[PDB]
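What the coordinates show
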Amino acid sequence: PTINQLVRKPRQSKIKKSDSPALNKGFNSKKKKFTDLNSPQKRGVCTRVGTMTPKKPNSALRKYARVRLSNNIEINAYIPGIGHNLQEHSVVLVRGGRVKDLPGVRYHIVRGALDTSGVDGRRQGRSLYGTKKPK
Amino acid sequence: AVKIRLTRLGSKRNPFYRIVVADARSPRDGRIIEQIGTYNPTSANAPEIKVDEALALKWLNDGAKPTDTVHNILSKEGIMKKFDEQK
Amino acid sequence: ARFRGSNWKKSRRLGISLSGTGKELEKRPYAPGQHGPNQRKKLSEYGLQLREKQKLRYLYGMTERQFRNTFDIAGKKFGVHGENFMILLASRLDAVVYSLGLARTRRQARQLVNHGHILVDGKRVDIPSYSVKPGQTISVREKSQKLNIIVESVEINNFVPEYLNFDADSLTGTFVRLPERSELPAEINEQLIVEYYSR
Amino acid sequence: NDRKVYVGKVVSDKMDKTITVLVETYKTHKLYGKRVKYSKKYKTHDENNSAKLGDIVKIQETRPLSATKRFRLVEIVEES
RNA sequence: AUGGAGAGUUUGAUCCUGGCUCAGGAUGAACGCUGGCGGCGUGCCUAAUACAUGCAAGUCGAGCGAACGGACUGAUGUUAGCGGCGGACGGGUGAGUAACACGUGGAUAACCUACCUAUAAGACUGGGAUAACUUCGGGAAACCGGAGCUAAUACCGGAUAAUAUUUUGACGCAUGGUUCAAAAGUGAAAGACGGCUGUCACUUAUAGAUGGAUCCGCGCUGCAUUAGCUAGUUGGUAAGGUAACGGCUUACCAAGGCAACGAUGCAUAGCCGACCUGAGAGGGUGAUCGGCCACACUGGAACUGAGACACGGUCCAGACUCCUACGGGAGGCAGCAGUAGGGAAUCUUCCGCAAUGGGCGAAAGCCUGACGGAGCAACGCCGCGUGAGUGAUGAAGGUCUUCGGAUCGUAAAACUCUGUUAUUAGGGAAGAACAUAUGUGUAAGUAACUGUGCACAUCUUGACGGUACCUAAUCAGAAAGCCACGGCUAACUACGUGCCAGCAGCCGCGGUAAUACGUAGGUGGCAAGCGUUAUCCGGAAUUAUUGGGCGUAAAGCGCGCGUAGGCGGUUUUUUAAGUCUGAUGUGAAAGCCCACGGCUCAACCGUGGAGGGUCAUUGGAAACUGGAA
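Residues numbered from 1 in each chain as written, not as in the entry; some residues may be left out. Chains lettered and ligands numbered in written order. Part of a larger assembly, values for the part shown. Heavy atoms only, no water.

Structure determination for this PDB entry was carried out by cryo-EM, with a resolution of 2.9 Å recorded in the header.

This is the structure:
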């Protein structure tokens, strides 16, 4: 562009879509419209608990759950680790981060924190998974 | 009115003071009109006063009045005496 | 101490003595552990640039952040940058209580300064990283001059550098003049550190 | 103390006692450093209305004097 | 000079283009697992949601009366009241606000200011009332209604009095100015002293200091799939009234003003010093601290005052909450603690006015949820530790094995040594400097004195806090975990499982011989922390001013005529807007940076510089760009 062209119309940059977009919203219950927060975790309550099958080459039966959050948006969230204990109407803390195989799953359920428990016999990165130190 | 007073600096348990021409309505630590001096009640032998002695006489001559321990300070300088004198 | 681990295994892995020399790397002069005795492969750029941070820092017992928080004071001065780093660490206080011979090892000349025996300039100082400077006076406390490990350490020392004096009776140093690179630990390529911290 | 003055050019005359000047100025442009030219119409006040449309004149500033006028005519300088 | 690194991932292989991902620094963070100590900080970012309970503003009997109450006439009170002053400060919060809000440079011959300080002139003479009090009544509170009284530095009538308003004469536009000489009007206080005067109340005139108000220049969010906006609107003319200019109004008139340099609309937002990131250019942000602004259940308003249209004032309208003998009464934490709700998420219903500051009072004193401390929380920074020395890199154990061995490993026993801390057992700082009183001088004023101001040296007292801190004694005891180990990117093996269970930032791994899954040895990185997630900047030259392109990878409009706008041959003279060089005034402090001092070091604190502007004013130069001839 010549310098007159960049003075009439100037250069504009591009915008950042997030990942994780349902963590950037909160709900004002009384005025009754959404609000913006940028929180790192949100609390939810689970409305299903099942398993999906992965994609292109992979293969397994992968445990996941549908959970509606504090603002009232609903999402699927992968349950990590090996065992679990979720039912209907459990209270989970959810966190960012997508699982690549599953289409359309893009949150993770923090193990350790609310109703969810740590994993049952883990010893080596035990603070993901949160389990406590044996003996 | 317009006063001549001390602000407080330093950190906890360890104060330093600047000697200030403010206004009486102001908060201790905010808006001022001039700075005049310095004072350090805690250092070793006696406190270190230090105070420009010809701005302070400008302001005693205009009104300001000193608070009660800036009257023990402009005293050791005999500033409160050359002010007395020019009758 | 802070590290207070095991100094022969760190001496075999990096390749310098780190002590009274030689003795560490004798029978087994290779790295430690199960794949120990079997051929070393090659180290990368990062591989090698990091072996020099870690050489100069396990010598002087510092940790990171204290090591790195010093690295750029050193690089505030005028001069060449990566030799004031070498100098300013020579001038630490447990590092001067070692170059004088007041103790026989570096982990012990820090429990002197720490436990409160040393008294630079007449006043007790117990901060291993105090940063003494040209003209000060390292001495010894007075109820602590017939500690065994002090008289035993001072005889056999045999050496004192040239920016230090040492009045071997009285137990009393000086720290005369700053050092210069010709005298500081010598298996240490100092631009393998300045280029590590510009990554 | 003294009160700022300008030089101008009259771009209207329809009001009564009241002419509108255009003063021309210039700003560089903080990012690509070329200058630009712009303008801004100062409403000024003349009494026994003299100056005419299109006409380099000169104006000084004063106390507020109607809703929008704040300057007054000083001296014509030339016309056609 | 002090400053600038990349790597993986499209092919059978290659060179490009182009996305994607990682490695760095940040944060009022949260979350998971672990946690020894000290110092400096920080800590509801969400519903400006609702608030239970205690406190955040009082003070003066040297203005005054009291049925006052009472030492002893009643000291002292002020239980109560009238009067005076402060309550507009300080404390909180950003809902609203795209605005002269804010920042920066100017003007106001268009302005206001209690007190403080000076300099003069004064304070004259009278009056009428009234609180409290008392006595009758009512009213569920809340309170009210009569009388009968009584003070005040309360209120008022005149006396006199400027530069007060008028009418005369002797520049920056509407002028300003001071010399008049007439006229109209306009003041006041006593209190507590000493022998008439000192103190501190009043009143008027001027100034100064201080705190405001107004106007302008310039900067300062996006959105045309938002192109027309206004009607006191835009000028004029009078009249009001404002502290002050003005459509600021009200009439009477005219038909204007504004806008693609973006009128209007719409969405969003306090602003700034500053902060974070980047070699920089730039980008992101406006916690804690200061300056400004706005707001106090919500919307209207006025009183009192120098100053408010008023967080702990008033009245009205609305919604809420409580009480009641149903007629009516009361309220309002975006003060400080604290409660409920909501959220991933955020502290004691804490002590003292000791210091520093304010309010009132002659002072003593009093009031202060300002402030000073102390509690809570690894929430951050910074320092010290959890030993050190020698000692077989062999015991016996784990793990591997090529079964010989190898490794953990100087690691451990083992002997010594020390006390940071830890414990007990004794001492024990500064932060303070007074005010006030008491003397003694001195100076002014005095008939003289009291007093006043100054100078001195005396007397007092620290919440924290017996908190630092010191000195002994005692003992290595009581103080490390968390994440890796395929490649990027330091650190590998064994076994279990067998596209299962799982893992995954990206590439991808797992289908009975995975350094990728789990666990166990060994390694490596960091450390009272270490991982994970959210967000910002860099890498990214991936908006390119630095510093990019359009034949074929994304990209020259099918082509003309042309309007703004941008840009333009040669020479001379002049001008000086841009340009260059000075001098000043400013761009607060705190920052940032540099120097230095004080902290045992360091964080931290304190001083002096330096830097920082499309800045203003005033001089000079004249090549270039511009203006003229």
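Helix and strand content of chain A: one helix and seven strands. For chain A, the sequential pattern of α-helices and β-strands runs α-β-β-β-β-β-β-β. Whereas a compact globule of 135 residues would reach a radius of gyration of roughly 14 Å, chain A reaches 20 Å, over 25% beyond that. A principal-axis box enclosing the C-alpha atoms of chain A has dimensions of 70 × 45 × 30 Å. Each of the 135 residues in chain A was classed as buried or not, and the buried ones make up 29%. Long-range pairs, those at least 24 residues apart, make up 46% of the contacts in chain A between residues at least 6 apart in sequence. As displayed, chain A offers around 9,600 Å² of accessible surface, 49% of which is attributable to carbon and sulfur atoms. (Helix = DSSP H or I, 4+ residues; strand = E, 2+ residues; numbered from the N terminus. Rg over C-alpha atoms; globule rule 2.2 N^0.38 Å. Buried < 20%, exposed > 50% of the residue type's maximum accessible area, 1.4 Å probe, protein only. Contact = heavy atoms within 4.5 Å. Areas by Shrake-Rupley, 256 points an atom, 1.4 Å probe, with all protein chains shown as cover.)

By nearness alone, 190 residues border RNA strand E, and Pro40 of chain A, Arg13 and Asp84 of chain B, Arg110 of chain C together with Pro64 of chain D come closest of all. The share of sugar and phosphate among atoms of RNA strand E within 4 Å of the protein is 76%. Between RNA strand E and the protein, one listed contact pairs a phosphate oxygen with a backbone N or O atom of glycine 81 of chain A at 2.9 Å. Take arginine 3 of chain D: an N or O atom from its side chain is 3.1 Å from a base nitrogen of RNA strand E. (Near = heavy atom within 4 Å. Polar contact = N/O pair within 3.5 Å; in protein donor to acceptor, adjacent residues only side chain to side chain.)

Moving on, we come to the environment of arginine 66 of chain A. Residue and element names in this part refer to chain A. By the secondary structure assignment, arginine 66 is in strand β4 (residues 64–69). Taking relative accessible area as the criterion, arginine 66 reaches 22% and is therefore assigned partly exposed. Separated by ten residues in sequence, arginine 66 and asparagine 76 have C-alpha atoms that sit 4.4 Å apart.

Along the chain, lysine 42 of chain A turns up in strand β3 (residues 41–46). We note that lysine 42 of chain A is buried and unpaired, the nearest opposite charge coming from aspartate 36 of chain A at a distance of 9.5 Å. (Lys, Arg positive; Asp, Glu negative; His and termini not counted. Salt bridge = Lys/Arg side-chain N within 4 Å of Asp/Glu carboxyl O.)

Before going further, it helps to spend a moment on the packing of helix α3 (residues 66–74) of chain C against helix α4 (residues 81–88) of chain C. All names here are of chain C. Orientation of α3 relative to α4, taken along the N-to-C sense of each, is 125 degrees, at an axis distance of 8 Å. As summarised for this structure, α3 and α4 are arranged oblique, according to the angle between their axes. Of the two elements, α3 crosses α4, and the hand of that crossing is right-handed. Taken together, the residues of α4 that come into contact with α3 (itself represented by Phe67, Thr70, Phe71 and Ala74) are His81, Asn84, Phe85 and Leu88. Tallied by class, the residues present in the contact of α3 with α4 amount to five nonpolar, three polar and no charged. (Axes fitted to C-alpha atoms, helices over the stretch in contact; angles between N-to-C directions. Parallel < 35°, antiparallel > 145°, perpendicular 65-115°, else oblique. Left-handed = near helix turned anticlockwise from the far one by under 90°. Nonpolar A, V, L, I, M, F, W, Y, C, P; charged D, E, K, R; others polar.)

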